[PDB]
>>> print(open('final_13.cif').read())   # mmCIF, C-alpha atoms and all ligand atoms
data_protein
#
loop_
_atom_site.label_atom_id
_atom_site.label_comp_id
_atom_site.auth_asym_id
_atom_site.auth_seq_id
_atom_site.Cartn_x
_atom_site.Cartn_y
_atom_site.Cartn_z
CA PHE Y 1 0.05 6.71 -8.48
CA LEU Y 2 1.67 9.58 -6.56
CA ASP Y 3 -0.56 12.24 -8.18
CA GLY Y 4 -3.95 10.79 -7.14
CA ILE Y 5 -2.58 9.66 -3.76
CA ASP Y 6 -1.28 13.16 -3.00
CA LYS Y 7 -4.90 14.40 -3.19
CA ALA Y 8 -6.36 11.30 -1.53
CA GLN Y 9 -3.68 11.52 1.15
CA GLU Y 10 -5.01 14.94 2.22
CA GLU Y 11 -8.54 13.50 2.43
CA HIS Y 12 -7.17 10.72 4.66
CA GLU Y 13 -5.54 13.21 7.05
CA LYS Y 14 -8.75 15.28 7.24
CA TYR Y 15 -10.94 12.31 8.38
CA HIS Y 16 -8.65 9.23 8.57
CA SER Y 17 -11.27 7.65 6.33
CA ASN Y 18 -11.01 3.90 5.69
CA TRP Y 19 -9.40 2.69 2.44
CA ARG Y 20 -12.89 1.83 1.14
CA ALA Y 21 -14.03 5.46 1.30
CA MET Y 22 -10.82 6.73 -0.33
CA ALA Y 23 -11.10 4.02 -3.00
CA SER Y 24 -14.66 5.12 -3.82
CA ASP Y 25 -13.76 8.84 -3.60
CA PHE Y 26 -11.03 8.47 -6.28
CA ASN Y 27 -12.27 5.14 -7.73
CA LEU Y 28 -8.80 3.56 -7.17
CA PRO Y 29 -8.18 -0.17 -6.42
CA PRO Y 30 -7.87 -1.15 -2.71
CA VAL Y 31 -4.08 -1.29 -3.13
CA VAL Y 32 -3.73 2.43 -3.65
CA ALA Y 33 -6.28 3.29 -0.95
CA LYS Y 34 -4.97 0.61 1.45
CA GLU Y 35 -1.38 1.81 0.93
CA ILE Y 36 -2.35 5.24 2.31
CA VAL Y 37 -3.66 3.55 5.47
CA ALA Y 38 -0.30 1.78 5.76
CA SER Y 39 1.42 5.20 5.72
CA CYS Y 40 -0.91 6.42 8.48
CA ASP Y 41 0.62 5.04 11.70
CA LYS Y 42 -2.59 6.02 13.54
CA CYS Y 43 -4.86 3.90 11.30
CA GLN Y 44 -2.24 1.15 10.79
CA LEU Y 45 -1.14 0.36 14.36
CA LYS Y 46 -4.57 0.48 16.01
CA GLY Y 47 -3.73 -1.40 19.25
CA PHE S 1 -2.36 -3.07 -10.10
CA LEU S 2 -3.61 -6.52 -9.07
CA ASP S 3 -1.95 -8.28 -12.04
CA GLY S 4 1.65 -7.16 -11.37
CA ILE S 5 1.17 -7.43 -7.59
CA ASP S 6 -0.06 -11.03 -7.91
CA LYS S 7 3.35 -11.93 -9.39
CA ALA S 8 5.30 -9.61 -7.09
CA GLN S 9 3.31 -10.94 -4.13
CA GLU S 10 4.70 -14.44 -4.76
CA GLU S 11 8.25 -13.01 -4.87
CA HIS S 12 7.56 -11.34 -1.51
CA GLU S 13 6.44 -14.61 0.09
CA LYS S 14 9.51 -16.45 -1.26
CA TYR S 15 12.04 -14.02 0.35
CA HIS S 16 10.00 -11.35 2.21
CA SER S 17 12.09 -8.92 0.17
CA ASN S 18 11.84 -5.22 1.06
CA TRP S 19 9.57 -2.96 -1.04
CA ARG S 20 12.69 -1.51 -2.70
CA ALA S 21 13.67 -4.88 -4.18
CA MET S 22 10.12 -5.60 -5.36
CA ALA S 23 9.87 -2.09 -6.81
CA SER S 24 13.09 -2.63 -8.79
CA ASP S 25 12.10 -6.20 -9.77
CA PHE S 26 8.83 -4.99 -11.40
CA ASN S 27 9.85 -1.31 -11.75
CA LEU S 28 6.68 -0.21 -9.84
CA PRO S 29 6.42 2.93 -7.63
CA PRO S 30 7.04 2.44 -3.86
CA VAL S 31 3.27 2.55 -3.29
CA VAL S 32 2.64 -0.73 -5.07
CA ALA S 33 5.72 -2.40 -3.56
CA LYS S 34 5.13 -0.88 -0.10
CA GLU S 35 1.47 -1.97 -0.16
CA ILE S 36 2.59 -5.61 -0.43
CA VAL S 37 4.67 -5.16 2.72
CA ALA S 38 1.56 -3.79 4.43
CA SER S 39 -0.28 -7.03 3.52
CA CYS S 40 2.59 -9.08 5.00
CA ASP S 41 1.93 -9.07 8.76
CA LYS S 42 5.43 -10.51 9.29
CA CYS S 43 7.20 -7.60 7.54
CA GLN S 44 4.66 -4.99 8.73
CA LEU S 45 4.47 -5.64 12.49
CA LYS S 46 8.18 -6.20 13.10
CA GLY S 47 8.22 -5.70 16.91
ZN ZN D 1 -5.34 7.67 9.47
ZN ZN D 2 7.07 -10.39 4.38
#
>>> encode(input="final_13.cif", output="structure tokens")
Amino acid sequence: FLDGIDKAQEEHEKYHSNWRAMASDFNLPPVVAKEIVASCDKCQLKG
Amino acid sequence: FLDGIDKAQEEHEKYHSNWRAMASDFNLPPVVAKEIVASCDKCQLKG
């Protein structure tokens, strides 16, 4: 959980990619990829 | 991931408990419990 996300988290910061891209990059269920978006205030609160 | 969350998700709807309570209820890392909060618009956008 925290191990894969730590790597995927860096990819998110580099491009703010959507949870779908992160999910496919690490092949993790939407929950793990979507949780990273929830930690990103920029991608979470979008307006 | 989806199996435990499906059960934990119902507990969230019943009391909108914080991710800490859900994490302790199912002993899952903050990511899984915090992701459920992110799906709950009521607990996510709080003001
Ligand atoms: Zn972002
Ligand atoms: Zn809630």
>>> calpha_fit_and_write(input="final_13.cif", fixed="chain S", moving="chain Y", output="mmCIF file with C-alpha atoms, keeping the file's coordinate frame")
data_model
loop_
_atom_site.group_PDB
_atom_site.id
_atom_site.type_symbol
_atom_site.label_atom_id
_atom_site.label_comp_id
_atom_site.auth_asym_id
_atom_site.auth_seq_id
_atom_site.Cartn_x
_atom_site.Cartn_y
_atom_site.Cartn_z
ATOM 1 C CA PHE Y 1 -2.362 -3.071 -10.104
ATOM 2 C CA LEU Y 2 -3.610 -6.523 -9.070
ATOM 3 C CA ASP Y 3 -1.947 -8.278 -12.041
ATOM 4 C CA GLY Y 4 1.654 -7.160 -11.366
ATOM 5 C CA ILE Y 5 1.173 -7.437 -7.588
ATOM 6 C CA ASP Y 6 -0.066 -11.026 -7.905
ATOM 7 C CA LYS Y 7 3.347 -11.932 -9.391
ATOM 8 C CA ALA Y 8 5.296 -9.607 -7.089
ATOM 9 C CA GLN Y 9 3.317 -10.938 -4.135
ATOM 10 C CA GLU Y 10 4.707 -14.442 -4.763
ATOM 11 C CA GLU Y 11 8.248 -13.017 -4.869
ATOM 12 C CA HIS Y 12 7.569 -11.337 -1.508
ATOM 13 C CA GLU Y 13 6.440 -14.613 0.092
ATOM 14 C CA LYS Y 14 9.508 -16.449 -1.266
ATOM 15 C CA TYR Y 15 12.036 -14.017 0.349
ATOM 16 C CA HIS Y 16 9.996 -11.343 2.208
ATOM 17 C CA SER Y 17 12.081 -8.918 0.170
ATOM 18 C CA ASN Y 18 11.846 -5.217 1.055
ATOM 19 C CA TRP Y 19 9.570 -2.962 -1.031
ATOM 20 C CA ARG Y 20 12.689 -1.513 -2.699
ATOM 21 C CA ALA Y 21 13.671 -4.882 -4.178
ATOM 22 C CA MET Y 22 10.113 -5.606 -5.358
ATOM 23 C CA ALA Y 23 9.876 -2.086 -6.809
ATOM 24 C CA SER Y 24 13.089 -2.630 -8.794
ATOM 25 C CA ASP Y 25 12.100 -6.202 -9.772
ATOM 26 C CA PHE Y 26 8.834 -4.991 -11.396
ATOM 27 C CA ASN Y 27 9.844 -1.306 -11.748
ATOM 28 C CA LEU Y 28 6.679 -0.216 -9.839
ATOM 29 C CA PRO Y 29 6.422 2.932 -7.628
ATOM 30 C CA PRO Y 30 7.041 2.443 -3.860
ATOM 31 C CA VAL Y 31 3.269 2.548 -3.292
ATOM 32 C CA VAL Y 32 2.640 -0.723 -5.064
ATOM 33 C CA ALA Y 33 5.714 -2.404 -3.562
ATOM 34 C CA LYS Y 34 5.129 -0.877 -0.100
ATOM 35 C CA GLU Y 35 1.468 -1.967 -0.169
ATOM 36 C CA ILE Y 36 2.582 -5.614 -0.438
ATOM 37 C CA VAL Y 37 4.675 -5.162 2.720
ATOM 38 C CA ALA Y 38 1.561 -3.791 4.431
ATOM 39 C CA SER Y 39 -0.271 -7.028 3.525
ATOM 40 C CA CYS Y 40 2.588 -9.075 4.998
ATOM 41 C CA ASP Y 41 1.925 -9.069 8.763
ATOM 42 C CA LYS Y 42 5.431 -10.509 9.293
ATOM 43 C CA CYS Y 43 7.201 -7.601 7.539
ATOM 44 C CA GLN Y 44 4.661 -4.988 8.724
ATOM 45 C CA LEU Y 45 4.471 -5.639 12.481
ATOM 46 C CA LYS Y 46 8.185 -6.201 13.109
ATOM 47 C CA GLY Y 47 8.219 -5.706 16.916
#
>>> closest_residue(input="final_13.cif", among="Y:40, Y:8, Y:32, Y:45", to="ligand ZN 1 (chain D)", atoms="only C-alpha atoms and all ligand atoms")
Y:40
>>> closest_atom_pairs(input="final_13.cif", of="chain S", to="chain Y", cutoff="8 Å", atoms="all atoms listed in the file", output="CSV")
residue,atom,partner,partner_atom,distance
S:1,CA,Y:31,CA,7.4
S:2,CA,Y:31,CA,7.9
S:29,CA,Y:1,CA,7.5
S:31,CA,Y:35,CA,6.3
S:32,CA,Y:31,CA,7.0
S:34,CA,Y:35,CA,7.1
S:35,CA,Y:35,CA,4.9
S:38,CA,Y:38,CA,6.0
>>> residues_near_ligand(input="final_13.cif", ligand="ligand ZN 1 (chain D)", cutoff="8 Å", atoms="only C-alpha atoms and all ligand atoms", output="list in words")
residues 12, 13, 15, 16, 17, 18, 37, 40, 41, 42, 43 and 44 of chain Y
>>> atom_distance(input="final_13.cif", atom1="atom ZN of ligand ZN 2 (chain D)", atom2="atom CA of residue S:23")
14.2 Å
>>> decode(input="final_13.cif", residues="stretch 13-33 of chain Y", atoms="N, CA and C atoms", output="short mmCIF file (atom, residue, chain, number, x, y, z; two decimals), in the first residue's frame")
data_model
loop_
_atom_site.label_atom_id
_atom_site.label_comp_id
_atom_site.auth_asym_id
_atom_site.auth_seq_id
_atom_site.Cartn_x
_atom_site.Cartn_y
_atom_site.Cartn_z
N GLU Y 13 2.99 13.77 -8.66
CA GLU Y 13 3.53 15.15 -8.53
C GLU Y 13 4.16 15.62 -9.84
N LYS Y 14 4.87 14.75 -10.50
CA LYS Y 14 5.54 15.13 -11.78
C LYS Y 14 4.53 15.57 -12.85
N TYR Y 15 3.40 14.91 -12.97
CA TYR Y 15 2.41 15.28 -14.05
C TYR Y 15 0.98 15.44 -13.52
N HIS Y 16 0.75 15.23 -12.25
CA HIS Y 16 -0.65 15.33 -11.74
C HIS Y 16 -1.53 14.44 -12.62
N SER Y 17 -1.02 13.30 -12.97
CA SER Y 17 -1.78 12.39 -13.86
C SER Y 17 -3.08 11.95 -13.17
N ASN Y 18 -4.06 11.57 -13.95
CA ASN Y 18 -5.35 11.13 -13.36
C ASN Y 18 -5.19 9.75 -12.72
N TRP Y 19 -6.07 9.39 -11.83
CA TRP Y 19 -5.94 8.07 -11.15
C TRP Y 19 -5.92 6.93 -12.17
N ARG Y 20 -6.53 7.11 -13.31
CA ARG Y 20 -6.53 6.01 -14.32
C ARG Y 20 -5.11 5.75 -14.80
N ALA Y 21 -4.38 6.79 -15.09
CA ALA Y 21 -2.99 6.61 -15.58
C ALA Y 21 -2.15 5.97 -14.48
N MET Y 22 -2.25 6.46 -13.28
CA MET Y 22 -1.46 5.87 -12.17
C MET Y 22 -1.87 4.42 -11.98
N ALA Y 23 -3.14 4.15 -12.05
CA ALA Y 23 -3.62 2.75 -11.87
C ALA Y 23 -2.99 1.85 -12.94
N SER Y 24 -2.97 2.31 -14.16
CA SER Y 24 -2.38 1.50 -15.26
C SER Y 24 -0.85 1.45 -15.11
N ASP Y 25 -0.25 2.53 -14.69
CA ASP Y 25 1.24 2.55 -14.53
C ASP Y 25 1.66 1.48 -13.52
N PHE Y 26 0.99 1.41 -12.39
CA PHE Y 26 1.36 0.40 -11.35
C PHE Y 26 0.34 -0.74 -11.31
N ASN Y 27 -0.62 -0.73 -12.19
CA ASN Y 27 -1.64 -1.83 -12.20
C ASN Y 27 -2.28 -1.97 -10.81
N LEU Y 28 -2.66 -0.88 -10.19
CA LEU Y 28 -3.31 -0.95 -8.84
C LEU Y 28 -4.79 -0.57 -8.99
N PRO Y 29 -5.66 -1.10 -8.16
CA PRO Y 29 -7.11 -0.78 -8.25
C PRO Y 29 -7.37 0.73 -8.08
N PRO Y 30 -8.43 1.23 -8.67
CA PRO Y 30 -8.77 2.68 -8.59
C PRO Y 30 -8.63 3.24 -7.17
N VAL Y 31 -8.91 2.45 -6.19
CA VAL Y 31 -8.84 2.94 -4.79
C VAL Y 31 -7.45 3.46 -4.49
N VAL Y 32 -6.44 2.70 -4.78
CA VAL Y 32 -5.08 3.19 -4.47
C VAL Y 32 -4.78 4.41 -5.33
N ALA Y 33 -5.02 4.32 -6.61
CA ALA Y 33 -4.74 5.48 -7.49
C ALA Y 33 -5.65 6.66 -7.13
#
